[PDB]
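Let me begin by presenting the structure, written as structure tokens, before commenting on it.
Lettering of chains follows the sequences in order, A, B, ..., and the numbering in each one begins at 1. Hydrogens, waters and symmetry mates are skipped; everything else that's a heavy atom, side chains included, is used.
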Amino acid sequence: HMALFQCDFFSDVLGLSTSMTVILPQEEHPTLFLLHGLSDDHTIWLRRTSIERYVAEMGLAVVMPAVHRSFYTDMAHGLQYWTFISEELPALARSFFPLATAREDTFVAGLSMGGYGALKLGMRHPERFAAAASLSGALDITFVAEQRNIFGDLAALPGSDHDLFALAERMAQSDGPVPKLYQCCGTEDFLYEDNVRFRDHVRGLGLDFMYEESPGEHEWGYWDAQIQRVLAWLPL
Amino acid sequence: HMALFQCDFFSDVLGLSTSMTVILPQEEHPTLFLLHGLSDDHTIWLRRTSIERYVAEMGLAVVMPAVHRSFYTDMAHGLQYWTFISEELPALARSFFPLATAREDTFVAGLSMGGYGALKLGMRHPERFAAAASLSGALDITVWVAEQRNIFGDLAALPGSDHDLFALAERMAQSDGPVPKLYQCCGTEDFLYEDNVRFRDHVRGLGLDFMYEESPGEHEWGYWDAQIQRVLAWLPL
Amino acid sequence: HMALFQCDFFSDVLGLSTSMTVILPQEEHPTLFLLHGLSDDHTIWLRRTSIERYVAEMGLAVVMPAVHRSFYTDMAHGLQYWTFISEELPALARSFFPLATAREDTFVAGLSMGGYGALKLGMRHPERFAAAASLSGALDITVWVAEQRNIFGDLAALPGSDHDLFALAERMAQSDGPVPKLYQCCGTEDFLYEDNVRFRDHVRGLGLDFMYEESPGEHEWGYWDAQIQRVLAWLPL
Amino acid sequence: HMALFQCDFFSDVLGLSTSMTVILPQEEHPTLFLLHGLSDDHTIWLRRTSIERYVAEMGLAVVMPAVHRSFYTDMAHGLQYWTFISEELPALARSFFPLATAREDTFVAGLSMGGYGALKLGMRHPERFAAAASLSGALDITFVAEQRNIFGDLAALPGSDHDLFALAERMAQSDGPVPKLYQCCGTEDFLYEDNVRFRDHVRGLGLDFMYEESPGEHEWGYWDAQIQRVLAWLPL
């Protein structure tokens, strides 16, 4: 059985009462941090997929937080959602629940915006994640007012620590352990062309990298199917 | 977009504070009452299937209540879960939410125990349901024995009783009044498969029109996640 | 009995899936929109007070939404939380639940940030609210500085603007149209006490009829739990 | 800050998916198991009192489970709610959350039916609880169909292991550590006379026992006030 937790807690980093959904195996569980997309909250994975069922025999906890429309970024005009997602949230989840801390037992995945977030986490903090997966990700954040609120000076984005293309090259230069990477996209997604460009870039860097594509749009039926393939791929 | 409601309310019939999950289309919606199985609560359909996504374009509300381990029965030793499910619960849902009341806009479906409950509702109150569907249903109800006695009372009196779907089907076969659209499915490896085949053969021999489907499967949520999509397409919506 | 609803719904104005808590009397209910403070969400009123009990005999619904750290403002750098709170949210609540629309049956109240929001609603839309109440409100809005800029834009342009409750009060004092019942309270040890005294003196000098109350207290929920009972008794219900 | 958890989990003892509400201090917390009354569920304490606020500075976790209309009893015709509340539930809560196991850090309290339940737990398992409190308790369960479903043969109740009057005498004969006991009741409660009888009985047994009464009915305003006094009395 999986136990389901709707958690209403305080974030000191955000200065905000907020929520997350956690599923735990019932008797230091390896943990998948599962990130939502643009306009989503912490409830969408549970509602629009059968994620709880898919993990049921894996001995795997899943943590599903909320980051509003932040692109997992410490916003130029907004709250500190990167510091939240990369530092405070995992700490809070580990303080509440019997979750692993070891890199080998820690994974991250997300769709769209959360695919960007997952790869950013894996590549900025390779020492914290064994695997990072993007589903139909917004993988090129280079460039309107909302984007400026998130990133600030848009012209400063290429080559920055926000730029997954540059982050991938930096991670590939590490000599320490780095996460395995997974990327998928539906071939009719508006983000498909960005995905192809990222794939062609990241696959030449000597990384442990898996790409998949098939018919699909920016749509939950596609992610319900694909998340099962991500789960099978996790180095659990 | 569908709006999701976790509802904590009081049941006068049960004398108990309890809960249900409701999903509503966002702008008198036709409503599917979607019943849980044995050991489940009002959260299982949302958790183990993508039901909210499956209904998203249908203009269909879904009401998922809890009845504990009652088999949708006014228990001989327990609470009045049949009066709750058949009378109070739909009234409460309609009082809270912009839900239809008309027979033509009212449907019920369930797995296991809830498949029994759905067909019981459809055959006891055919005037209230346009359609009733059972998925891997516990369709023959004739520590575990003690629990059955708590639910049904004298077990020897069950055959032919108003609890017995086989008897209810005989009533329906002779009815001149409204008969709901009726659906039955089961996985061929389910422990309840034999009971399902016996119920199917019974209703078919009576002339009672059912859509019957079977395919490989056990008593598990992968099968119901797939099958509920077929039930949704089949609803006379 | 009151029924409790945790509602997860989509806001088109915000472009965001979000949540609210609603309590409904169990059988077009008059409705109190009850606003949270700075750093709070839609759950705090239920958790830190006995609001559900306090309204239980009033035939009054309560809607408790979330606006993050927005000060109920269409942010210069952020989302449109004023259009959300003043337009979309009441519409959504009324679409989901059997809530009144009439001015005479519509009230708003809030603490801190939400007291500012309540009085902003009452004074910008006096035709929509029979009453507006502020509890320990942040009634003068003229890292923290950067956040204020994200909310309000050019801070130097705030005095006299449509964000400025002092200016809105001047409009109301000259209005021939409907004016809501208005309430203001604050604990005498609250950091916001001085701002509250300045707002009180301003509106009193204008002739704008407020019930004003003060007593020992800080910016904390014990005080609001006590004071919300007085606000409830004061509502023109 | 307190973090709030709505927990939907499976009970093997009950054979049932069920729920509880838990509040945790935010950074082995001592834990108060806080029991609901007749017709209540696991949500009523949070809704009708300010319990979360009252415990906010205490370093105290609160666990609020659901037992339906069972009187915290392994029912003669029903489910095993005593085995659930006394064995499975605390184990599950301790498996999910960072809660203490030590007797010295474990307390129980409840209103009505849950006051009966709390004292039954304290007196049947003195080795597990440092303190047990009843608020407007249904403290005399001696004797309709529902009562028979709960207790079975009603004539067998006097002197039984269901009978708090007898349990109190048995606990007072223990030589090992036993919980401090608290009892209160509103003077206009229908249960007042039963409470006076229990008080007069239990206060002559050499126990650590505190009684309080004041005007009140079987009503949440009274319990909102009284639970604060219980919290101050806990040997925390």
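Partners of D/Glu212 under the salt bridge (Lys or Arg N to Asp or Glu O under 4.0 Å) rule, at least two apart in sequence or in another chain, are D/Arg229. Remark: D/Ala100 engages D/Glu28, D/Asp105 in a side-chain contact (heavy atoms from CB on, under 4.5 Å) (not counting sequence neighbours). Take B/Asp140 and apply the side-chain contact (heavy atoms from CB on, under 4.5 Å) test, not counting sequence neighbours, and it matches B/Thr142, B/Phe166, B/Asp195, B/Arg198. Looking at residues two or more places apart in sequence or on another chain, you find no ring pair (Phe, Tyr, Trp, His ring centres under 6.0 Å) involving C/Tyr54. Under the salt bridge (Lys or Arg N to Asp or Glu O under 4.0 Å) criterion, B/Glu87 pairs with B/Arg128, not counting sequence neighbours.
Heavy-atom contacts from other residues, nucleotides or ligands closer than 6.0 Å to CD of D/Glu217 number 12 or fewer. Residue D/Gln26 places its CD atom among more than 12 non-hydrogen atoms of other residues, nucleotides or ligands, all under 6.0 Å distant.
Interatomic distance, D/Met20 CE to D/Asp41 CG, rounded to the nearest 0.5 Å: 12.0 Å. Separation of atoms CG (D/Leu135) and CG (D/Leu34) is listed at 8.5 Å; rounding is to 0.5 Å. Distance check, rounded to the nearest 0.5 Å: CG of D/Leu191 to SG of D/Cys185 gives 6.0 Å. Remark: B/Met64 CE to B/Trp45 CH2 distance equals 9.5 Å, nearest 0.5 Å. To the nearest 0.5 Å, the span separating OG1 on B/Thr73 from CD1 on B/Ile141 amounts to 7.5 Å. Atom CD in D/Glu193 sits 10.0 Å away from atom OG1 in D/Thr187 (nearest 0.5 Å).
At distances below 3.5 Å, not a single donor-acceptor pair connects side-chain atoms of B/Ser39 with backbone N or O atoms of B/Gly37. When atom types are taken as modelled, the side chain of D/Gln173 and the backbone of D/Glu169 share no donor-acceptor pair closer than 3.5 angstrom. Listed for the D/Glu188 side chain is a donor-acceptor partner under 3.5 Å among the backbone atoms of D/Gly216. Under the 3.5 Å distance criterion, the side-chain polar atoms of D/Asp163 are left unmatched by any main-chain donor or acceptor of D/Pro158. At distances below 3.5 Å, not a single donor-acceptor pair connects side-chain atoms of D/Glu127 with backbone N or O atoms of D/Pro177.
Heavy atoms only, all atoms of each residue included: D/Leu111 and D/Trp220 are closest at CD1-CH2, 3.5 Å. Taking all atoms of both residues into account, the shortest heavy-atom contact from D/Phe151 to D/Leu154 is CB-CD2, 4.0 Å. Scanning both residues, D/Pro215 and D/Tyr222, for their nearest heavy atoms gives O-CD1, 4.0 Å. Shown here for D/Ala118 and D/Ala132, the closest heavy-atom pair between the two residues is O-CB, 3.6 Å. Annotation for C/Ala61 and C/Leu24: closest pair CB-CD2, 3.9 Å, computed over non-hydrogen atoms. Heavy-atom minimum distance, D/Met171 versus D/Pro179: SD-CD, 3.7 Å.
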One pair to check against side chain to side chain contact (heavy atoms under 4.5 Å, CB included): C/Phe5 and B/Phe96. What are the steps and the verdict? CA-CA 10 Å; C/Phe5 302 86; B/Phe96 298 156; 3.6 Å; yes

List the steps and the verdict of side chain to side chain contact (heavy atoms under 4.5 Å, CB included) for D/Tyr116 and D/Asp140. CA-CA 8 Å; D/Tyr116 170 81; D/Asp140 186 0; over 6 Å; no

Starting from the C-alpha separation in whole Å, work towards a yes-or-no answer on side chain to side chain contact (heavy atoms under 4.5 Å, CB included) for B/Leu121 and B/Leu35. CA-CA 11 Å; B/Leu121 282 164; B/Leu35 311 182; 4.2 Å; yes

Could you go through C/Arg47 and D/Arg53, starting from their C-alpha distance and side-chain angles, then the distance that decides it, and tell me whether this counts as side chain to side chain contact (heavy atoms under 4.5 Å, CB included)? CA-CA 8 Å; C/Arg47 295 159 67 177; D/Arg53 173 161 53 86; over 6 Å; no

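A side-chain donor from one of D/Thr21 and D/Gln6 sits under 3.5 Å from a side-chain acceptor of the other. Side chains of B/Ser19 and B/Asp8: a donor-acceptor N/O pair is present below 3.5 angstrom, by distance only. A donor-acceptor contact closer than 3.5 angstrom is absent between the side chains of B/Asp40 and D/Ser17. Judged purely by distance below 3.5 Å, without hydrogens or angles, the side chains of D/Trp223 and D/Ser136 pair a donor atom with an acceptor atom. Between the side chains of D/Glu88 and D/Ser11, at least one donor-acceptor pair of N or O atoms lies under 3.5 Å. Judged by distance alone, the side chains of B/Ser112 and B/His219 do bring a donor and an acceptor atom under 3.5 Å apart.
Side-chain contact between B/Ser70 and B/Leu79 is absent, with no heavy atoms from C-beta onward closer than 4.5 Å. The side-chain heavy atoms of D/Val178 and D/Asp208, taken from C-beta on, include no pair separated by under 4.5 Å. No side-chain heavy atom of D/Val202 sits under 4.5 Å from any side-chain heavy atom of D/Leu164. Proximity of D/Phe198 to D/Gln183: side-chain heavy atoms (C-beta onward) are separated by under 4.5 Å at one or more points. Inter-residue side-chain proximity for D/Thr106 and D/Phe33 is flagged as met; some heavy-atom pair is nearer than 4.5 Å. Considering only heavy atoms from C-beta on, C/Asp225 comes within 4.5 Å of C/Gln229 through its side chain. Using a 4.5 Å cut-off on side-chain heavy atoms (C-beta onward), C/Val62 and C/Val22 make no contact. No side-chain heavy atom of D/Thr142 sits less than 4.5 Å from a side-chain heavy atom of D/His162.
Aromatic rings from D/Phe97 and A/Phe97 are positioned such that their centres are separated by under 6.0 Å.
Annotation: cation-pi pair D/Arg199/D/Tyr211 present, NZ/CZ under 6.0 Å from the ring centroid and within 45° of its normal.
A parallel orientation is assigned to the rings of B/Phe9 and B/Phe84, their planes being inclined by less than 30° (bins at 30° and 60°). A tilted orientation is assigned to the rings of D/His36 and D/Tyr72, their planes being inclined by 30° to 60°.
The side chain to side chain contact (heavy atoms under 4.5 Å, CB included) test with D/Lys180 singles out one residue from D/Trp233, D/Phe107, D/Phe209, and that residue is D/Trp233. Of the candidates D/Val63, D/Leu231, D/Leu236, D/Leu32 forms a side chain to side chain contact (heavy atoms under 4.5 Å, CB included) with just one, namely D/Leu231.
Listed by first and then second residue, the side chain to side chain donor-acceptor pair (under 3.5 Å) pairs involving residues 143-155 of chain D are B/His77-D/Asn149, D/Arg69-D/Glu146 (not counting sequence neighbours).
With salt bridges taken as basic N to acidic carboxylate O contacts below 4.0 Å, one links D/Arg124 and D/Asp161.
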